[PDB]
Amino acid sequence: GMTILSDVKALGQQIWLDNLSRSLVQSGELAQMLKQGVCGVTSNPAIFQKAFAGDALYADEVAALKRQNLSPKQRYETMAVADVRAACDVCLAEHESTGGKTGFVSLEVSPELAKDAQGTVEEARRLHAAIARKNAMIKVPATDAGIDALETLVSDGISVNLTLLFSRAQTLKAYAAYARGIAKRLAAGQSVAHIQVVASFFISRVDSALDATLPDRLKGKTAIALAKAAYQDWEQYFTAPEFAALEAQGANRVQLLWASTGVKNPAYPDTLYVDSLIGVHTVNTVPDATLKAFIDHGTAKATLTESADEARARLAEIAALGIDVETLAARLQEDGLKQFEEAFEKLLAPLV
């Protein structure tokens, strides 16, 4: 039942909604969710493509914007920024209640900037200012350029959702860039206590890539094992003396956020990823149908750190089979960028 969301909060995990639309906010539904245990919202270009295509409340907004001399991209941005600012206003009470630790809404920069660090910084700073809310996160793909941009944006005091992570190595590079940005601010006497970063580590896409060719005992296990190992890496990085010296001065840890947690293979229970990845100081962003399923028949238990030995053994067998999870991660990130660009082009076409 609904109280499962508050049970998961007590285990130290926030559950965010992986959807946004004009009607979600305008109907009052998002406000009611933020009382029932939902703690934030994520978007991406595919989410907006589907929302713009199916939500009746955009029609008048598009007609109004087609009366102005605007590029399709600025029509999209005006719509999306308006949705994000309205959602931020709904989530502000939650955000302020925890000292700025919850109640975030994420907006992703244009996919075409993913390999352009400077362009990404420029757009992220601009979208941060355009939204004009303290609880907005700018979402940046974790390419090498995005990790460059992360350091700069953190040093600028901007909260960031670093996305399309599939690699433990790349995630550790992101933590190091975050720490460099934090150290910069502390050296300059600037505040850090309100800077929040999440590392959105994708789940289902790993199993989708591998399962058809894996042995029995590994089907449906790799993505969870990879996340469990990533969380162990997280514990080790953020408790080390180097980060402790920053946390003592007010720095916040990055938090892992499990994304792509809707189950895509009907051979697995629909709550598999949410049920399996609950641990302290994490987030899980879930699509509506998965949120529904978890409320109905999910289980709140601290599963993320259970059986870490088996996760390690499974990843060792994945390597034994010749699957290089770092090569896979790079491909999956590339493929995700191509897919997001496809979705973005699809949504822009009706805005011409």
# chains A, B, ... in the order shown; residues from 1 in each chain; ligands from 1

$ residues_around --residues "residue 202 (chain A)" --least-positions-apart "3" --cutoff "7 Å" --atoms "only C-alpha atoms" --output "PyMOL selection string"
chain A and resi 164-166+205+258-260

$ residues_around --residues "region 66-83 of chain A" --least-positions-apart "4" --cutoff "7 Å" --atoms "only C-alpha atoms" --output "VMD selection string"
chain A and resid 21 to 22 62 87 131 348 351 to 352

$ residues_around --residues "residue 338 (chain A)" --least-positions-apart "4" --cutoff "12 Å" --atoms "only C-alpha atoms" --output "list in words"
residues 45, 46, 110, 111, 112, 114, 141, 164, 331, 332, 333, 334, 342, 343, 344 and 345 of chain A

$ write_last_selection --atoms "N, CA and C atoms" --output "compact mmCIF listing (two decimals), in the first residue's frame"
# COMPACT_ATOMS: atom_id res chain seq x y z
N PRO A 45 14.43 13.92 -22.69
CA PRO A 45 13.77 14.28 -23.96
C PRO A 45 12.66 13.34 -24.37
N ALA A 46 12.77 12.05 -24.04
CA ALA A 46 11.71 11.12 -24.41
C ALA A 46 10.45 11.38 -23.59
N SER A 110 20.35 19.87 -24.03
CA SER A 110 20.17 19.30 -25.36
C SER A 110 21.16 18.17 -25.60
N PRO A 111 20.71 17.02 -26.11
CA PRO A 111 21.65 15.93 -26.40
C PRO A 111 22.79 16.31 -27.34
N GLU A 112 22.58 17.27 -28.25
CA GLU A 112 23.65 17.59 -29.20
C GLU A 112 24.87 18.20 -28.52
N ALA A 114 26.37 16.86 -25.86
CA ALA A 114 26.89 15.89 -24.90
C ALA A 114 28.41 15.80 -24.90
N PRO A 141 24.53 14.42 -19.43
CA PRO A 141 25.06 13.06 -19.64
C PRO A 141 26.51 12.94 -19.18
N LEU A 164 22.91 8.91 -17.63
CA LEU A 164 23.44 7.93 -18.57
C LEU A 164 24.75 7.33 -18.08
N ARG A 331 28.97 1.73 -24.95
CA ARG A 331 27.97 1.53 -25.99
C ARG A 331 26.60 1.99 -25.51
N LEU A 332 26.21 1.56 -24.31
CA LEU A 332 24.88 1.89 -23.82
C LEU A 332 24.71 3.39 -23.67
N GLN A 333 25.77 4.09 -23.27
CA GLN A 333 25.68 5.55 -23.16
C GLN A 333 25.53 6.18 -24.53
N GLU A 334 26.33 5.70 -25.50
CA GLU A 334 26.22 6.15 -26.88
C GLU A 334 24.81 5.92 -27.41
N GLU A 342 17.04 11.27 -31.05
CA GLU A 342 15.90 10.89 -31.89
C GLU A 342 14.60 11.43 -31.29
N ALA A 343 14.40 11.21 -29.99
CA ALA A 343 13.19 11.69 -29.34
C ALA A 343 13.10 13.21 -29.43
N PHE A 344 14.23 13.90 -29.26
CA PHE A 344 14.23 15.35 -29.29
C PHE A 344 13.88 15.86 -30.68
N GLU A 345 14.43 15.24 -31.73
CA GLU A 345 14.06 15.63 -33.09
C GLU A 345 12.58 15.35 -33.35

$ closest_atom_pairs --of "region 13-71 of chain A" --to "region 88-109 of chain A" --cutoff "8 Å" --atoms "only C-alpha atoms" --output "JSON lines"
{"residue": "A:14", "atom": "CA", "partner": "A:102", "partner_atom": "CA", "distance": 7.8}
{"residue": "A:25", "atom": "CA", "partner": "A:90", "partner_atom": "CA", "distance": 7.7}
{"residue": "A:30", "atom": "CA", "partner": "A:90", "partner_atom": "CA", "distance": 7.1}
{"residue": "A:31", "atom": "CA", "partner": "A:90", "partner_atom": "CA", "distance": 5.6}
{"residue": "A:34", "atom": "CA", "partner": "A:91", "partner_atom": "CA", "distance": 6.7}
{"residue": "A:39", "atom": "CA", "partner": "A:103", "partner_atom": "CA", "distance": 5.1}
{"residue": "A:40", "atom": "CA", "partner": "A:103", "partner_atom": "CA", "distance": 4.5}
{"residue": "A:41", "atom": "CA", "partner": "A:105", "partner_atom": "CA", "distance": 4.7}
{"residue": "A:42", "atom": "CA", "partner": "A:106", "partner_atom": "CA", "distance": 4.8}
{"residue": "A:43", "atom": "CA", "partner": "A:107", "partner_atom": "CA", "distance": 5.8}
{"residue": "A:44", "atom": "CA", "partner": "A:108", "partner_atom": "CA", "distance": 5.7}
{"residue": "A:45", "atom": "CA", "partner": "A:108", "partner_atom": "CA", "distance": 7.3}

$ closest_residue --among "A:308, A:254, A:53, A:206" --to "residue 177 (chain A)" --atoms "only C-alpha atoms"
A:254

$ residues_around --residues "residue 294 (chain A)" --least-positions-apart "3" --cutoff "12 Å" --atoms "only C-alpha atoms" --output "ChimeraX atom specification"
/A:1-5,7-8,15,261-263,269-276,284,286-291,297-300

$ write_last_selection --atoms "N, CA and C atoms" --output "compact mmCIF listing (two decimals), in the first residue's frame"
# COMPACT_ATOMS: atom_id res chain seq x y z
N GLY A 1 0.81 -1.24 0.00
CA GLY A 1 0.00 0.00 0.00
C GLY A 1 0.83 1.27 0.00
N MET A 2 0.14 2.41 0.04
CA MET A 2 0.81 3.67 -0.17
C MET A 2 1.90 3.93 0.86
N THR A 3 1.71 3.45 2.09
CA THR A 3 2.71 3.71 3.13
C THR A 3 4.07 3.12 2.78
N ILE A 4 4.16 2.29 1.74
CA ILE A 4 5.46 1.73 1.39
C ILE A 4 6.45 2.84 1.05
N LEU A 5 5.97 3.97 0.51
CA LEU A 5 6.89 5.04 0.16
C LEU A 5 7.55 5.61 1.40
N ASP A 7 7.90 3.93 4.21
CA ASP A 7 8.77 2.87 4.70
C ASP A 7 10.12 2.90 3.99
N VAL A 8 10.12 3.17 2.68
CA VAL A 8 11.39 3.26 1.96
C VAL A 8 12.18 4.49 2.40
N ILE A 15 12.12 8.12 -3.39
CA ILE A 15 11.54 7.66 -4.65
C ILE A 15 11.04 8.89 -5.39
N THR A 261 14.49 1.95 -14.14
CA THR A 261 14.09 0.92 -13.19
C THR A 261 12.72 0.32 -13.48
N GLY A 262 12.06 0.76 -14.55
CA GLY A 262 10.94 0.00 -15.08
C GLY A 262 11.44 -1.30 -15.69
N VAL A 263 10.77 -2.40 -15.37
CA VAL A 263 11.16 -3.70 -15.89
C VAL A 263 10.70 -3.83 -17.33
N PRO A 269 9.60 -10.00 -12.36
CA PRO A 269 8.52 -9.25 -11.69
C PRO A 269 8.68 -7.76 -11.89
N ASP A 270 7.55 -7.07 -12.01
CA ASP A 270 7.58 -5.66 -12.36
C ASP A 270 8.22 -4.79 -11.28
N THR A 271 8.33 -5.27 -10.05
CA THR A 271 8.99 -4.51 -9.00
C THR A 271 10.44 -4.93 -8.78
N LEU A 272 11.00 -5.75 -9.66
CA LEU A 272 12.33 -6.31 -9.42
C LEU A 272 13.36 -5.25 -9.08
N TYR A 273 13.45 -4.21 -9.89
CA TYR A 273 14.55 -3.27 -9.70
C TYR A 273 14.32 -2.42 -8.46
N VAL A 274 13.10 -1.94 -8.25
CA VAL A 274 12.86 -1.13 -7.06
C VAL A 274 13.09 -1.96 -5.80
N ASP A 275 12.51 -3.17 -5.76
CA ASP A 275 12.62 -4.00 -4.57
C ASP A 275 14.08 -4.32 -4.25
N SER A 276 14.92 -4.45 -5.27
CA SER A 276 16.25 -5.02 -5.11
C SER A 276 17.32 -3.99 -4.79
N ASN A 284 15.67 6.42 -6.19
CA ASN A 284 15.21 5.59 -7.29
C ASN A 284 14.13 6.39 -8.00
N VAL A 286 11.22 6.36 -10.77
CA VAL A 286 10.41 5.28 -11.33
C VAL A 286 9.34 5.83 -12.26
N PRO A 287 9.06 5.19 -13.39
CA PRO A 287 7.90 5.60 -14.19
C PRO A 287 6.61 5.30 -13.44
N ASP A 288 5.53 5.94 -13.89
CA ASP A 288 4.24 5.84 -13.22
C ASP A 288 3.84 4.39 -12.98
N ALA A 289 3.96 3.55 -14.01
CA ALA A 289 3.45 2.19 -13.90
C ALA A 289 4.25 1.40 -12.88
N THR A 290 5.54 1.70 -12.77
CA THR A 290 6.38 1.01 -11.79
C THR A 290 6.08 1.51 -10.38
N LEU A 291 5.84 2.81 -10.24
CA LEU A 291 5.41 3.36 -8.96
C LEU A 291 4.12 2.69 -8.50
N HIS A 297 2.36 -4.01 -4.69
CA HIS A 297 2.92 -5.29 -4.27
C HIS A 297 4.44 -5.27 -4.16
N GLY A 298 5.04 -4.10 -4.05
CA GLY A 298 6.45 -4.01 -3.73
C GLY A 298 6.71 -4.36 -2.27
N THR A 299 8.00 -4.41 -1.95
CA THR A 299 8.48 -4.74 -0.61
C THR A 299 9.56 -3.76 -0.20
N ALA A 300 9.44 -3.21 1.00
CA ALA A 300 10.41 -2.26 1.53
C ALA A 300 11.36 -3.00 2.46

$ atom_distance --atom1 "CA of residue 222 (chain A)" --atom2 "CA of residue 318 (chain A)"
7.8 Å

$ closest_residue --among "A:57, A:212, A:283, A:86" --to "residue 18 (chain A)" --atoms "only C-alpha atoms"
A:283

$ closest_residue --among "A:167, A:132, A:218, A:117" --to "residue 146 (chain A)" --atoms "only C-alpha atoms"
A:117

$ residues_around --residues "residue 151 (chain A)" --least-positions-apart "3" --cutoff "6 Å" --atoms "only C-alpha atoms" --output "list in words"
residues 148, 154, 177, 178 and 181 of chain A

$ write_last_selection --atoms "C-alpha atoms" --output "compact mmCIF listing (two decimals), in the first residue's frame"
# COMPACT_ATOMS: atom_id res chain seq x y z
CA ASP A 148 34.40 18.23 -17.23
CA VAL A 154 29.58 22.46 -9.11
CA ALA A 177 35.17 15.87 -10.51
CA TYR A 178 32.48 16.74 -7.97
CA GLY A 181 34.48 21.53 -7.72

$ residues_around --residues "residue 223 (chain A)" --least-positions-apart "3" --cutoff "6 Å" --atoms "only C-alpha atoms" --output "ChimeraX atom specification"
/A:203,206-207,226
